[PDB]
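Breakdown of the fold
As a plain string of letters, each chain reads:
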Amino acid sequence: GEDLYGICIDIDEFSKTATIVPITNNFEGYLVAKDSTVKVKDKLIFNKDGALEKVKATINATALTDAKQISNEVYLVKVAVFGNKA
Amino acid sequence: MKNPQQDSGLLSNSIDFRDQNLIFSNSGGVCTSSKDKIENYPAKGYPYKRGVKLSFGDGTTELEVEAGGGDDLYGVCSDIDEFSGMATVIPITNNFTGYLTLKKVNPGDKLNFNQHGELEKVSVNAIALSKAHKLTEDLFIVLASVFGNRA
Amino acid sequence: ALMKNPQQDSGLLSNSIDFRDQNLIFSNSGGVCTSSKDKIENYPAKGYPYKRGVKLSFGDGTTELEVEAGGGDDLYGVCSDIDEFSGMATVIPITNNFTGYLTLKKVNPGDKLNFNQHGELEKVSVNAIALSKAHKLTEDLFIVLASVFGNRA
Amino acid sequence: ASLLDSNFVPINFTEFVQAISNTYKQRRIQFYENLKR
Amino acid sequence: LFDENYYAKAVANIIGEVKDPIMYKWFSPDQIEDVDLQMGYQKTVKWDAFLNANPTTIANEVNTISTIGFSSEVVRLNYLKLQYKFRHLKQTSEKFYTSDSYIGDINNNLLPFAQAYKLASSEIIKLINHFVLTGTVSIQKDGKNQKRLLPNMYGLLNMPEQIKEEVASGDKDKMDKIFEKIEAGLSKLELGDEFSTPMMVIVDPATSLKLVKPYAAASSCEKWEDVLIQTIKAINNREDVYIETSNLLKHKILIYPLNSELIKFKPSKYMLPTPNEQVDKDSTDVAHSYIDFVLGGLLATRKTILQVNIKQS
């Protein structure tokens, strides 16, 4: 939503520490998606659970590939995030 | 073309040191930090010294950058390699200060990128640090500092 | 685009095994049959008149005369070759007959052809007779083997 | 000037890279000699 | 240098463990010649002659004679330099991750410099081999999102102006139809004076399975493989024929000569992976390194490669 600060890219569970790239720095990588209804060249918004859903987008995130399923609910999609809209 | 392909007829006079930077061959920015994030992308057309946008094909080939702006602005091209067709792009998140193509304007004016990657007077993106300088009949450049997107 | 030598390079080596139909290229300069007693003249080139009918063009007077592609009553000769470094067009006079491939307007052997305003051959004054059918090298570039015999009504 | 030679002592990074290319080339030559088809 | 740079010593001591590329089998020893370049082009010029018209009969007196023309072709080969980056553990930080059996953090997927460099190099070589065969660079099974490459950079399968045969979908499993297309392509091959040379065939594993079936009523002691070998031997002056199977290919058959005069491979001497001097260091235990490789340098004559595509749709 409007409270987004950054994105978590790594977690050390032993120390319970999450490494985060701030929203001011652009990123290109795989992120969790709400479902498999996302195609290439689609505007994506972060939901309340921190998952990317297909589109009032405060940030500009565009999907590079389609949703790929690994587990029953794990959906990984390659996305590039490059700041905030206006 | 960043580098004038036509050969000069005379040797230049390397005696003066003033007003020797207002050339289209100048690549990069006036003030450059070693902590600036720099990317390269396939070049679609000639986006040199212009705002660029990401375009996706049919999926057979990867994404590329073409000169553009508006809501689709992705970055600013500050350099280009003609042999490899690669455009050096600074993301809109990173801030840039240098000479950019201007639509054919005074210091303190707020500038936004147009559909063709050309700066024009008014969301604002940059502020003009000087006046328009004419290099060719339709070529105008301006020193501008880009600080992202803000309404 | 239209130059005698293509500027774009070739990716692969050509296969030099066949010997048939290997002369219908735009780079084939000169004439198919050439005598040692032919008169040939070079002139400054205005535009790119290669393999076209040429006419004399005069400037204001500061510079010498040059040749530009053209035909009709103003026809002076046929340009068979060009040197791009010097911009000199090799022109064979209309008084000298010529046999070679010439640009055709975008046709069977025996047809009578006359030059148009742009120095291209077209079906009918008669200047030359087509010796073959139109050969297409590009969507707009059509060559034809023709023999020019000067002017005759 | 190859990494297979124990006597080779690379003075700088450039000489190290050249020996790598030479080492690759000698491996290719050895591979074809050993190949019987 | 080895005393001062630990990474340089580490690579030199582990360079032997990297396996040789499989693309070396696809070419003869003389077909490969290294060149000194990293990014640029190499151009060559070839001269041809052609006849303008019918000859001229020398009877009595004549001045107008038929002409023989010449033409030149310039062939350019492009080279491209590409780089990859990988993360590894710092040399000093190794001792704090050196467990009894394994070395490195299993949870954090961190490895020492040597083992990380080895695994990275092998992956790069696999990508290089895939390019030399298929002519394209991609990391997807679908093959989409290919890297846009420079022109004059072609592989064995995407080389232009070669004989291309397509098997219809209905005849995908009919080996007779497949061999029919091979025969048509082999007819259209034009080896010229270089016919007396060995030949190389590359097939996908599915194709290799269909080859061993009896030749078709079923024959005795005659299989589709034997028929194909004889058919190629007809046109190569009964020279040796080598058949290879590659998992990289899929429903494709590739036939081309092993003569340097027709097809030659001129790769950069720095094509194979080479470490970079720059190492990213920080206050933590994680470091970054870079590897460089060069792509391009395949040269072939026109209409000397047969490319058979079995449409599986």
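Residues numbered from 1 in each chain as written, not as in the entry; some residues may be left out. Chains lettered and ligands numbered in written order. Part of a larger assembly, values for the part shown. Heavy atoms only, no water.

1. Quick word on helix α3 (residues 175-188) of chain E
All names here are of chain E.
- Between its first and last C-alpha, α3 extends 20 Å over 14 residues, near the 20 Å set by a 1.5 Å rise per residue.
- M175, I178, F179, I182, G185 and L186 are the residues of α3 that are buried. The buried side chains of α3 occupy one side of the element, clustering within an arc of 120° when seen end-on. (Helix = DSSP H or I, 4+ residues; strand = E, 2+ residues; numbered from the N terminus. Expected span 1.5 Å × (residues − 1). Buried < 20%, exposed > 50% of the residue type's maximum accessible area, 1.4 Å probe, protein only. Arc of directions from axis to C-beta.)

2. Re the interface of chain E and chain C
- Facing 29 residues of chain E, the contacting portion of chain C comprises 21 residues.
- Each partner contributes to the roughly 2300 Å² buried at the junction of chain E and chain C, and carbon and sulfur atoms together form 53% of this total.
- The three residues of chain E that bury the most area against chain C are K46(E), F50(E) and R302(E), which together make up 22% of that side's buried surface.
- Taken together, the links from chain E to chain C amount to 1 salt bridge.
- A salt bridge links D9(C) to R76(E), with the shortest nitrogen-to-oxygen separation between them at 3.8 Å.
- Across the chain E-chain C interface, the total number found is 11 residue pairs in polar contact.
- Elements with a contribution of two residues or more to the side of chain E that touches chain C: β1 (40-51), β2 (64-66), β3 (68-89) and β11 (298-300) of chain E.
- Element by element, the count of residues in the side of chain E that touches chain C is highest for β1(E), at 6 residues.
- Relative to β2(E), strand β1 (residues 33-35) of chain C runs antiparallel, the two being bridged by 3 bridges. Considered in β2(E), the bridge of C33(C) is made with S66(E). (Contact = heavy atoms within 4.5 Å. Buried area = accessible area lost by both parts, 1.4 Å probe. Salt bridge = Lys/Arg side-chain N within 4 Å of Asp/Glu carboxyl O. Polar contact = N/O pair within 3.5 Å; in protein donor to acceptor, adjacent residues only side chain to side chain. Pairing = 2+ DSSP bridges.)

3. Here we look at unusual backbone geometry
- Here the phi dihedral of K49(B) falls at roughly 55°; this positive angle occurs in a residue that is not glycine.
- Take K49(B): it is sitting in the loop between β1 (39-44) and β2 (51-55).
- Residue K49(B) is classed as buried on the basis of its relative accessible area of 3%.
- At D21(C), a position not held by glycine, the phi torsion is positive, near 55°.
- For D21(C), the position within the fold is in the segment before β1.

4. Overview of a nonpolar patch on the surface
- Side chains of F19(C), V45(E), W47(E), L51(E), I68(E), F70(E) and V74(E) sit close together on the surface and give an oily, nonpolar patch of about 780 Å² of accessible area.
- Listing elements by their share of the nonpolar patch, those giving two or more residues are β1 and β3 of chain E.
- Tracing the chain through its elements places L51(E) in strand β1. (Patch = residues over 30% accessible without salt bridge, like charges linked within 9 Å, V, L, I, M, F, W, Y side chains within 5 Å. Areas by Shrake-Rupley, 256 points an atom, 1.4 Å probe, with all protein chains shown as cover.)

5. Concerning the side chain of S138(E)
All names here are of chain E.
- Note on placement: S138 falls in the loop between α2 (113-134) and β4 (163-167).
- On the basis of relative accessibility, which here comes to 15%, the residue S138 falls in the buried class.
- A polar contact is formed between the side chain of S138 and the backbone nitrogen of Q140, at a distance of 3.4 Å.
- Side-chain polar atoms of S138 contact the backbone oxygen of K144, separated by 2.7 Å.
- With residues near it in sequence (within four places) discarded, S138 still touches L127, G143, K144, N145 and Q146.

6. Details of the interface of chain B and chain A
- At the junction of the two partners, chain B supplies 14 residues and chain A supplies 12 residues.
- In this assembly, chain B packs against chain A so that about 1000 Å² is buried in total across both faces, 59% of it on carbon and sulfur atoms.
- At the junction of chain B and chain A, the tally comes to 0 salt bridges.
- Between the two partners, chain B and chain A, sit 4 residue pairs in polar contact.
- Broken down by class, the residue content of the side of chain B that touches chain A amounts to 8 nonpolar, 4 polar and 2 charged. (Nonpolar A, V, L, I, M, F, W, Y, C, P; charged D, E, K, R; others polar.)

7. Some details on empty space enclosed by the protein
- By volume, the largest cavity amounts to about 120 Å³.
- By residue number, the principal contributor to the lining of the largest cavity is helix α1 (residues 13-34) of chain D, which donates 4 residues.
- A per-class count over the lining of the largest cavity returns 8 nonpolar, 2 polar and 4 charged.
- Considered as a void within the structure, the second largest cavity measures approximately 90 Å³ in volume.
- What lines the second largest cavity is a set of 15 residues, and nearest its centre among them are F13(D), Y7(E), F113(E), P275(E) and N276(E).
- When residues of the lining of the second largest cavity are traced back to their parent elements, those giving at least two are α1 of chain D together with α1 (6-14), α2 and β10 (286-295) of chain E. (1 Å grid on protein atoms, 1.4 Å probe; cavity = no way out; pocket = protein on both sides within 12 Å on 5 of 7 lines; lining within 4 Å. Points joined across faces, edges and corners; volume = space filled by probe spheres on them.)

8. As for helix α5 (residues 224-235) of chain E
Residues and elements named next belong to chain E.
- The end-to-end C-alpha separation of α5 is 18 Å, in line with the 16 Å expected for 12 residues at 1.5 Å each.
- Among the residues making up α5, those that are buried are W224, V227, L228, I229, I232 and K233.
- Lining the buried residues of α5 we find α3, β5 (199-203), α4 (205-211), β6 (241-245) and β7 (252-257).
- Directly after α5, the chain includes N237, whose backbone phi takes a positive value near 60°.

9. A closer look at the nonpolar core
- Grouped together as the largest cluster of nonpolar side chains are 95 residues, with contacts concentrated most on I182(E), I255(E) and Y256(E).
- The element contributing the most residues to this core is α2(E), with 11 residues.
- For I182(E), the residues in contact, after removing those within four places along its chain, are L228(E), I253(E), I255(E), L306(E) and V308(E).
- Core analysis: the second largest hydrophobic core is formed by 27 residues, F82(A), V52(B), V65(B) and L100(B) among them. (Core = buried A, V, L, I, M, F, W, Y, C linked by side-chain atoms within 4.5 Å.)

10. Focus: the layout of surface pockets
- Estimated volume of the second largest pocket: approximately 1700 Å³.
- Along its surface, the second largest pocket is lined by 47 residues, and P6(C), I25(C), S72(E), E73(E) and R302(E) are the ones closest to its centre.
- Residue assignment for the lining of the second largest pocket shows that the elements contributing at least two residues are β1 and β3 of chain E.
- At 6 residues, the largest contribution of residues to the lining of the second largest pocket is made by β3(E).

11. Concerning the pairing of β10(E)
Residue and element names in this part refer to chain E.
- Within β10, 8 of the 10 residues are buried, which leaves it mostly tucked inside the rest of the structure.
- Of the strand pairs in this sheet, β3 and β10 are connected by 10 bridges, and their pairing is antiparallel. Counted as the bridge partner of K85 is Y290 from β10.
- Bridge count for strand β9 (residues 274-275) against β10 is 2 bridges, and the pairing is antiparallel. Among the inter-strand pairings, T274 is bridged to a residue of β10, identified as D292.

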